[PDB]
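Going by mature numbering (1 follows the signal peptide of the UniProt record, and there is no 0), the residue at position 92 of the sequence shown is 99; the numbering climbs one at a time, nothing skipped. We put the beta carbon where it would ideally sit given N, CA and C, even for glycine. Here's the structure, in structure tokens; my notes come after.
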Amino acid sequence: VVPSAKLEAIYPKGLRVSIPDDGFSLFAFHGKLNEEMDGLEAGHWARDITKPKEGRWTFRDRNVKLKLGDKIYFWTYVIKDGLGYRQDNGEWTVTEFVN
């Protein structure tokens, strides 16, 4: 349905989450570190992004140094033509860093 989120652990610090645009109007990321989502929680990370750049919708946080083995539990939201779509049950394990 909506694109699979690409999550990236940034070295030295941070997290990048993104999807490719397909004429969307909004992308939201909701994520928790090392703790499952209990329902549709706003999360530790929570932002609505309303401007795409370079054909993508990109969430960035530069506040967390992730550790190898850290897990992020998440959901996302996309608006297309006035209708909302969710990616549920997102789960990602930090296994490499990206510069």
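Counting of Cβ neighbours within 10 angstroms places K60 among the exposed residues, the total staying below 16.
Around the C-beta of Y18, fewer than 16 other C-beta atoms lie within 10 Å, and the residue is accordingly described as exposed. In this chain, the beta strand (DSSP E) harbouring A16 covers 13-17. Looking at the DSSP output, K78 shares a beta bridge with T100. With fewer than 16 other Cβ atoms inside 10 Å of its own Cβ, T100 counts as exposed.
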